[PDB]
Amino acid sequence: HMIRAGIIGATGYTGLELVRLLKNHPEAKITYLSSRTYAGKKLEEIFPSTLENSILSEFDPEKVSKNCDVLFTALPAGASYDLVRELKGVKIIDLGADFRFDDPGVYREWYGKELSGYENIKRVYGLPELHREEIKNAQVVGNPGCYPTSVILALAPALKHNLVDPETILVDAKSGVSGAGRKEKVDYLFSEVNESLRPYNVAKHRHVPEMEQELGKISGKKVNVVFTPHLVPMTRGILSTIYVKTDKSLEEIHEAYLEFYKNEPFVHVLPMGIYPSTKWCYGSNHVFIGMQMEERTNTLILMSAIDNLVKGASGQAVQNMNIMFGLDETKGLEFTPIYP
């Protein structure tokens, strides 16, 4: 029996990537797509690259409940929370931030909406490499942000084994344009962004409390992250360069990373002194981690690269769906990066 999958907000870039992934997934099929703007059209009329002849639906919760086992939501902040209340017997994988936070007061501070009744929702942060045991039994998964995915994966072995000083962590992060999310104003025009790099939302970015939640959970201690994102003139990819103090040797750390990720099919620890290129990830669910030590100041440099649209969004969402349905976690995700 094929998992029956629905996508709300199917015409955004993360929706398109769920379409690609689910079409290829040998144990799932698309039974529902919705869009407000394009309701009534075949998805391939809007995006011929999708090769998807399915008509876009105007969202109706009874139709979803009848036609879907699982539903991916890619919607403006707060919309998934509201629409999910009406559904019956459908597992939810939300690509936004509505279900990411353990404490709904933090979501409210950063996203400006109260999540009434949160205490009744069995939700989990969808990072399989940290939470697969809980994801297995979840009804609602809050799919991680793209920067948090890159960062938490970069830091987990270090924090789990207290190999670094987690009190202050510096994160200088570089993302292709698709990683800033749905943004159609002047600053995201080709002519503005092309051939230019810029910092944005320096130190106050909604991803910070999210990273901190997960990093603090691992370490057992409050983690304050200093976070600077930069918009890079390429479509996709994230490189997070992470700086933290340590009194350990690079060798001990590298062994610890190897050990931690040895059975994780999507995370690849590089040899010491080899640093990741973002395009090594292109189109795939794979993550590459490299590291260096600055010896004079005892500063560990961790470098993690992911494809923000895949392991940073829709690939990880499918990964979560596999876990929730008890499938081999690489199902529909067994393919390699596209290069060059």
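Just count from 1 along the sequence shown to find any residue number.
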* If you average the Cα B factors in the entry, which is higher, 266 to 274 or 179 to 187? -> 179 to 187
* Structure fact -> Of 112 to 120 and 234 to 242, the stretch with the higher mean C-alpha B-factor in the deposited entry is 112 to 120
* Could you check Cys68, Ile55, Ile306, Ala313 and tell me which one carries the biggest Cα B-factor in the deposited entry? => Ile55
* For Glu210, the third of its chain into which the C-alpha B factor falls -> middle
* To do: Classify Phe227 as lowest, middle or highest third according to the C-alpha B-factor given in the PDB entry, relative to its own chain.
  => middle
* Structure fact -> Split the chain's modelled residues into thirds by Cα B-factor; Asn162 lands in the middle
* When the modelled residues of the chain are sorted by Cα temperature factor, does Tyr107 land in the lowest, middle or highest third? -> highest
* If you rank the chain by CA B-factor, which third does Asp94 end up in: lowest, middle or highest? -> lowest
